[PDB]
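To start, the structure itself, in structure tokens.
There are 2 protein chains.
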Amino acid sequence: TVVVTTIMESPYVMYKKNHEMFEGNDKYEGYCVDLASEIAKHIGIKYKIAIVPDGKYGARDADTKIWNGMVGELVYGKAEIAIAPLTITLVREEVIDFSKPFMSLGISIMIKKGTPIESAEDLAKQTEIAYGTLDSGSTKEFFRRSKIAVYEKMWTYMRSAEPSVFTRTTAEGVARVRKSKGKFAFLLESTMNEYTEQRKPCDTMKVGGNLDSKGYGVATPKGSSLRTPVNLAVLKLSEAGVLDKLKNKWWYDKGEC
Amino acid sequence: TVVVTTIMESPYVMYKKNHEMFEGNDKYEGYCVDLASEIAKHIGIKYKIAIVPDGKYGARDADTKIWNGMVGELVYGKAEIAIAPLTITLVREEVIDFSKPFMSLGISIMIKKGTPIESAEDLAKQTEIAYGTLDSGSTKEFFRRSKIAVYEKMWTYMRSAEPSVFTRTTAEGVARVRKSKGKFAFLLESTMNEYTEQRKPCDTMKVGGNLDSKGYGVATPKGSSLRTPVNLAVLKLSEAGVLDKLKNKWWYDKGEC
Ligand SMILES: N[C@@H](CCC(=O)O)C(=O)O
Ligand SMILES: N[C@@H](CCC(=O)O)C(=O)O
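Note that the protein sequences, when read in sequence, are chains B and A. Using PDB author numbering, count along the first sequence one by one with no gaps and you end on 257. Using PDB author numbering, count along the second sequence one by one with no gaps and you end on 257.
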């Protein structure tokens, strides 16, 4: 039985209603739950969903050199596959493998409706509206590593902001936007942004274009015999239109706005 | 010296003005010429651009089973890398390797301006306006393999249309749209469509959403020592913003409409 690391992140992996009465995999639902079932069926594996203990995507500590999050679970042999909105990045590709993308996305801006912001440049040239991002993820790294003036300016502000503008979870970031009367904006992936825009109370909005262009991949540890089967499975699911059906199912068919 | 297979396709690879006075690689310009230069610089190779002799992207003949086009050049060892708008597909992944995507795209519809068509459904529901696609590529295979009702209907029409609606080159398809007074539409990748929309005589238009979501990758033959270096170089260029800069350079900075 293959251990699948994943993360509680709507609408990828969520608790069922009355999840406490279900056992194992049956506790959970969502895009990545369905994707896990689809891949497992295609490659012929039994699997067990294990929610990442630390609740993180995956970053490397500069001192200890230790990987945390889902990336860590793969690197240290605690999971055999990651099926999650895990961004394909250079630093991760050096330690784990990724399938070709199952979803395409870019970093984006979430505002409380009515906030006078439509671009990164708009955020960077002002201080009346605070902004932040998820901790320990690819978005934070994007800003830390950027050599583009506008993003450098945003990083310089965010890294020194007090109280901290980096959140433990996406939901925390969203909640912060919603309660801050337009005075906090959140930098997050277009996928999560567009999902939240269709959820009650319908008070948030994606503004401007995406900051970058990238993808999520299904990840495996180096040397895994699952690498090629997984890659081919993702491509088959893409070409068969199943990935499109799954996105429509979890984003738009269930839309509330 | 690494042999780089590529294809004459605007704005990826084009002849310089007065190409005839230049030698070797310096005869060419375009997005993929710049990409090859960037990749070679990162991985430390010398290279020679070789335009694919048959002028095809690459398909497997059902009878003889032989790969043609750029895919063929790699499979039979006539080239060491493909740097071109080559779509990452399942059937190709079975015979060659691809980097993670350097460009994201989907199939789209090109019309002559004023054509009463806004969607694939619009095309499938009528017979007055003919429509087709490129030979030996991923768009043709998309329609052949689709089980989506609308696309099945389009395939059934296109495969048996007289005169032929399939073209040998993208340029042929585009010329046919421009010359056919609204009575021909062309199915091609969003990237090519968007480029053409910004070129004189500014008489074409992309209509409707993309039919799928996929990527172009830099391709290498199985067992190539260049596989990993190429993959990391593409991700490095992505993360540094170079891919975005090159798209802007070749699509929009050079817009004519
Ligand atoms: N998908 C991101 C997490 C979300 C974010 O950083 O915006 C990652 O893999 O790290
Ligand atoms: N990029 C496609 C060719 C263009 C098309 O098929 O529309 C391929 O690699 O086959």
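By construction, the Cβ of each residue, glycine as well, lies at the ideal position given by its N, Cα and C atoms.
Inset, instruction - Would you list, in sequence order, the uninterrupted beta strand (DSSP E) runs of no fewer than 3 residues that lie entirely inside the region 209-240 of chain B? - result: As far as the region 209-240 of chain B is concerned, its whole beta strand (DSSP E) runs of at least 3 residues are 214-216, 219-221.
Inset, instruction - Give the DSSP bridge partners of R60/B, in chain order. - result: Numbered from its first residue, the first sequence carries residue 60/B at position 60. When beta bridges are read from the DSSP output, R60/B appears opposite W67/B.
Inset, instruction - Output the distance between the C-alpha atoms of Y216/A and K181/B, rounded to the nearest integer angstrom. - result: The residue given as residue 216/A occupies position 216 in the second sequence. The residue given as residue 181/B occupies position 181 in the first sequence. Cα-Cα distance, rounded: 42 Å.
Legend entry - Any non-hydrogen atom of ligand 2 closer than 7 Å to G208/A Cβ: Counting from one through the second sequence, the residue named residue 208/A turns up at place 208. Every heavy atom of ligand 2 is 7 Å or more from the Cβ of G208/A, so no.
Inset, instruction - Look up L187/A in the DSSP assignment and give the residues it is bridged to. - result: Residue 187/A sits at position 187 when you count from the first residue of the second sequence. Beta-bridge pairing links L187/A to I109/A, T133/A.
Legend entry - Of the listed residues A233/A, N25/A, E256/A, nearest to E194/A (C-alpha basis): Counting from 1 along the second sequence, the entry for residue 194/A is found at position 194. Nearest of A233/A, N25/A, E256/A to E194/A, Cα basis: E256/A.
Legend entry - C-beta atoms of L90/A and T133/A nearer than 8 Å: Locating residue 90/A in the second sequence gives position 90, counting from the first residue. Locating residue 133/A in the second sequence gives position 133, counting from the first residue. It is not a contact, given that the beta carbons lie outside the stated cut-off.
Inset, instruction - With ligand 2 as the reference, list in chain order each residue whose Cβ lies under 6 Å from any of its heavy atoms. - result: In chain order, the hits are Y57/A, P85/A, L86/A, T87/A, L134/A, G137/A, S138/A, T139/A, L188/A, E189/A.
Legend entry - Simplified DSSP assignment, three categories, for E20/A: Locating residue 20/A in the second sequence gives position 20, where the first residue counts as 1. Note: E20/A maps to helix in three-state DSSP.
Legend entry - Closer than 7 Å: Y12/A CB and nearest ligand 4 heavy atom: Summarising the ligand content, the structure contains ligand 1 and ligand 2 and does not contain ligand 4.
Inset, instruction - Return no unless some Cβ of chain A is closer than 8 Å to the Cβ of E93/B. - result: Here the question's residue 93/B lines up with position 93 in the first sequence. Yes, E93/B lies at the interface with chain A (some Cβ there is under 8 Å from its Cβ).
Legend entry - Residues from the region 138-157 of chain A in contact with chain B, defined by Cβ distance under 8 Å: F142, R145, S146, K147, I148
Legend entry - Partner residues on chain A for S238/B, Cβ-Cβ distance less than 7 Å: Position 238 of the first sequence, counted from the start, is the residue given in the question as residue 238/B. Those are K214, listed as they occur along chain A.
Inset, instruction - Would you check if there are 3 or more beta carbon pairs closer than 8 Å linking the region 57-70 of chain A to the region 58-68 of chain B? - result: No, the region 57-70 of chain A is not in contact with the region 58-68 of chain B.
Inset, instruction - Kindly list, in the order they appear in chain A, the residues whose Cβ is closer than 8 Å to that of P85/B. - result: Numbered from 1 along the first sequence, position 85 holds the residue referred to as residue 85/B. Those within 8 Å of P85/B in chain A number zero; the least Cβ separation is about 15 Å.
Legend entry - Sufficient close CB pairs (3 or more, under 8 Å) joining the region 85-105 of chain A to the region 148-166 of chain A: no
Inset, instruction - Answer yes or no: does any C-beta atom of chain B fall closer than 8 Å to that of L187/A? - result: As a first step, residue 187/A must be located in the second sequence, where it is residue number 187. Not closer than 8 Å to any Cβ of chain B, the Cβ of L187/A fails to qualify, so no.
Inset, instruction - Name, please, each residue of chain A whose Cβ falls closer than 7 Å to the Cβ of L246/B. - result: Taking the first sequence and counting its residues from 1, one reaches residue 246/B at position 246. Those within 7 Å of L246/B in chain A number zero; the least Cβ separation is about 12 Å.
Legend entry - Identity of the residue in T1/B, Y252/B, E197/B, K245/B nearest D212/A by Cα: Stepping through the second sequence from its first residue, residue 212/A is reached at position 212. Comparing Cα-Cα distances from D212/A to each of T1/B, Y252/B, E197/B, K245/B, the minimum goes to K245/B.
Legend entry - Beta-carbon spacing of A219/A, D54/A below 8 Å: In the second sequence, the residue the question calls residue 219/A occupies position 219. In the second sequence, the residue the question calls residue 54/A occupies position 54. No, they are not a contact pair.
Legend entry - Unbroken alpha helix (DSSP H) run spanning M158/B, endpoints: Taking the first residue of the first sequence as position 1, residue 158/B is located at position 158. Per DSSP, the continuous alpha helix (DSSP H) segment holding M158/B begins and ends at 149-160.
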